[PDB]
Trainee: 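Submitted below is the structure of interest, expressed as structure tokens.
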Amino acid sequence: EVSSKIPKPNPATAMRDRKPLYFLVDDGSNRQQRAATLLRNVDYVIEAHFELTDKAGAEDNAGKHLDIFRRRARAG
RNA sequence: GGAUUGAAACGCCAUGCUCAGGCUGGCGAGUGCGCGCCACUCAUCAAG
């Protein structure tokens with residue numbers, strides 16, 4: 001894996017000169033080996049329900065989103 | 001359409017099993033051992 005996030009660039013400064021921007025993965029300390037102890041052959045059933053937020057409009061109702069989600073899940 | 005301690009994340013670059021070394025030197029299948037002792041093709045039937 002990689003050691004650090006890529007830096008935030010300066011767009012205008014980037015092409016004041018013709019130069020590359022990159023992160024070299026295998027350049028010394030940039031390479032970080034990370035192990036993972038992870039699960040196998042999992043299977044879950046999730047029980048959940050909706051709740052309207054302060055951003056909800058008048059036309060927004062929990063039942064409509066519930067049926068939309070059910071349609072999407074049934075159709076894959 | 002804001003957030004699944006998430007979002008991004010090569011084990012990777014390369015390295016003759018090689019150089020070589022008789023399975024050889026030599027050793028009779030051999031000495032010997034009757035297929036042999038006997039046994040009618042024979043008793044008949046013109047040529048037309």
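Chain letters run A, B, ... following the sequence lines, proteins first, then strands; residues in each count from 1. The basis for the numbers below is simple: all heavy atoms, side chains too, and nothing from hydrogens, waters or symmetry mates.
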Trainee: What is the glycosidic conformation of B/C19: syn, defined as within 90° of 0, or anti?
Mentor: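 You should classify B/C19 as anti.
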Trainee: Just so I know, are the side chains of A/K55 and A/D60 near enough to count as touching, which here means a heavy-atom distance under 4.5 Å?
Mentor: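 No, too far: nothing below the 4.5 Å cut-off.
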Trainee: Using the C1'-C2'-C3'-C4' sign, is B/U15 on the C3'-endo (north) or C2'-endo (south) side?
Mentor: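 With a positive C1'-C2'-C3'-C4' torsion, B/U15 is north.
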Trainee: For B/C27, does the glycosidic angle fall within 90° of 0 (syn) or outside that (anti)?
Mentor: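 Anti, angle beyond 90° from zero.
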Trainee: Check whether the six-membered base rings of B/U24 and B/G25 have centres under 5.5 Å apart and planes under 30 degrees from each other.
Mentor: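 B/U24/B/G25: stacking flag true.
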Trainee: Please state the P separation for the pair B/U4 and B/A8 - nearest whole angstrom.
Mentor: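 Their P atoms lie roughly 11 Å apart.
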Trainee: Give, for atom CD of A/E1 and atom CD of A/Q32, the distance between the pair rounded to the nearest 0.5 Å.
Mentor: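 The CD atom of A/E1 sits 9.5 Å away from the CD atom of A/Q32.
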Trainee: Syn or anti for B/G28? Use the chi torsion, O4'-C1'-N9-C4 for purines and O4'-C1'-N1-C2 for pyrimidines, with syn inside 90° of 0.
Mentor: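 Syn, which is what one calls it when the glycosidic angle falls within 90° of 0.
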Trainee: Would you mind reading off the distance between A/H65 atom NE2 and B/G1 atom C1', rounded to a whole angstrom?
Mentor: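 Whole-Å distance recorded here is 10 Å.
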Trainee: Under 5.5 Å between six-membered ring centres and under 30° between their planes: does that hold for the bases of B/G16 and B/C17?
Mentor: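 Ring centres or planes out of range, so no.
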Trainee: For A/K5, is the NZ atom crowded, meaning more than 12 foreign heavy atoms sit under 6.0 Å from it?
Mentor: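 Not buried by this count: 12 neighbours or fewer within 6.0 Å.
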Trainee: Work out how far the P atom of B/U44 is from that of B/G48, and round it to whole angstrom.
Mentor: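 23 Å, rounded to whole Å.
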Trainee: Side chains of A/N30 and A/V25: does their closest heavy-atom pair fall under 4.5 Å?
Mentor: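 No; the side chains remain at least 4.5 Å from each other.
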Trainee: Expressed as a whole number of angstroms, how long is the span from A/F69:CZ to B/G1:P?
Mentor: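 The distance from CZ of A/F69 to P of B/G1 comes to 18 Å, rounded to the nearest Å.
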Trainee: Using whole Å, what does the distance between atom P of nucleotide B/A9 and atom CG of A/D26 come to?
Mentor: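 A/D26 atom CG is separated from B/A9 atom P by 15 Å.
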Trainee: A/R31 side chain N/O closer than 4.0 Å to the phosphate oxygens (OP1, OP2) of B/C10?
Mentor: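 Checking A/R31 against B/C10: at least one side-chain N or O falls below 4.0 Å of OP1 or OP2.
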Trainee: Rounded to whole angstrom units, what separation is found between the CG atom of A/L24 and the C1' atom of B/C10?
Mentor: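 Those two atoms, CG and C1', are 14 Å apart.
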Trainee: I want to verify the glycosidic state of B/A8; is it syn or anti under the 90° rule?
Mentor: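 Base orientation: anti.
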Trainee: Grab the CG-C1' distance between A/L38 and B/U4 for me, whole Å please.
Mentor: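 My rounded result for the distance is 15 Å.
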Trainee: Looking at A/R34 and B/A9, is any side-chain donor or acceptor paired with a base atom of the opposite kind under 3.5 Å?
Mentor: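 Such a pair exists between side chain and base.
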Trainee: When the ring planes of A/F50 and A/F69 are compared, do they come out parallel, tilted or perpendicular, using 30° and 60° as the limits?
Mentor: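 Correct class here is perpendicular.
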Trainee: Heavy-atom nearest nucleotide on RNA chain B for A/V25 versus A/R72: which residue maps closer to 5'?
Mentor: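 Result: A/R72.
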Trainee: Expressed in whole Å, how much space separates the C1' atoms belonging to B/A3 and B/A7?
Mentor: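 Those two atoms are separated by 10 Å.
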Trainee: Within the 4.0 Å heavy-atom criterion, would you say A/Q33 contacts the bases, only the backbone, or no part of the nucleic acid?
Mentor: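 Counting heavy atoms under 4.0 Å across all strands, the contact made by A/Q33 includes a base.
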Trainee: For B/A39 and B/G34, measure between their P atoms and round to the nearest Å.
Mentor: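 Their P atoms lie roughly 25 Å apart.
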Trainee: Categorise the sugar of B/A9 by the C1'-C2'-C3'-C4' dihedral sign as either north or south.
Mentor: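 The B/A9 sugar sits on the south side, the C2'-endo region.
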Trainee: To the nearest angstrom, how far is A/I6 atom CD1 from B/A7 atom P?
Mentor: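 Value for this atom pair: 15 Å.
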Trainee: Taking all non-hydrogen atoms of both residues, which atom of A/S29 and which atom of A/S3 are closest, and how far apart?
Mentor: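 A/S29 and A/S3 have their closest heavy atoms at O-CB, 3.5 Å.
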Trainee: Would a 4.5 Å heavy-atom cut-off, applied to side chains only, mark A/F23 and A/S4 as touching?
Mentor: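 Heavy-atom side-chain distance check passes, below 4.5 Å.
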Trainee: Between B/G6 atom P and A/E1 atom CD, what is the distance in whole Å?
Mentor: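 Checked: the CD to P distance equals 10 Å.
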Trainee: Please state how far atom CG in A/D27 lies from atom P in B/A9, giving the value in whole angstrom units.
Mentor: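 Taking atom P of B/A9 as the reference, CG of A/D27 is at 18 Å.
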Trainee: Students should be able to answer this: classify the pucker of B/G26 from the sign of its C1'-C2'-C3'-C4' torsion, north or south.
Mentor: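 South pucker for B/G26.
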Trainee: As a test of the definition: with a 90° window around 0 for syn, would you call B/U18 syn or anti?
Mentor: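 With its glycosidic angle more than 90° from zero, B/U18 counts as anti.
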Trainee: Counting only side-chain heavy atoms from C-beta out, which of B/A9, B/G1, B/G11 sits nearest to A/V2?
Mentor: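 Of the options given, the side chain of A/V2 lies nearest B/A9.
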Trainee: What about B/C27 and B/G28, stacked or not, using centres under 5.5 Å and planes under 30°?
Mentor: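 Ring centres or planes out of range, so no.
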